[PDB]
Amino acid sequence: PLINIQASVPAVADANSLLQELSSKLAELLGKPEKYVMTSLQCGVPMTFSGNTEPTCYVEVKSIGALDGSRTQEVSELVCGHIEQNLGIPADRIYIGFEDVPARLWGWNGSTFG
């Protein structure tokens, strides 16, 4: 899995801890070995939401499967909650774009997962 966060708030000293905690939580929820979870946090990005510059966040989440049924709701609950708590961005100012990526469209280690 992959989770990339782009946030309007200033950079945080505990970015590494925040991402590591997000990484383990996401592995468990998706039923993936944490070995395969990649995360990022880019703060200080000029953003608007609803026409204003209040704290806001865009997240992209990708996985090879594991996003069936209630999973995208459950991931959103996890991710919005984690970001609310750790970055102080209200959940109603967070967007998440999900993609279930075919394994052959996912490169790793000089090849693909397909």
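Numbering starts at 1 and runs along the sequence shown.
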query = Mean C-alpha B-factor higher for 68-76, or for 55-63?
reply = 68-76
task = For the higher mean C-alpha B factor in the entry, choose 91-99 or 12-20.
result = 12-20
task = Grab the CA temperature factor for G81 from the record and place it in the lowest, middle or highest third of its chain.
result = middle
query = According to the PDB entry, is the CA B factor of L30 in the bottom, middle or top third of its chain, that is, lowest, middle or highest?
reply = highest
inquiry  = Sorting by Cα B-factor within the chain, modelled residues only, which third would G114 end up in: lowest, middle or highest?
reply    = highest
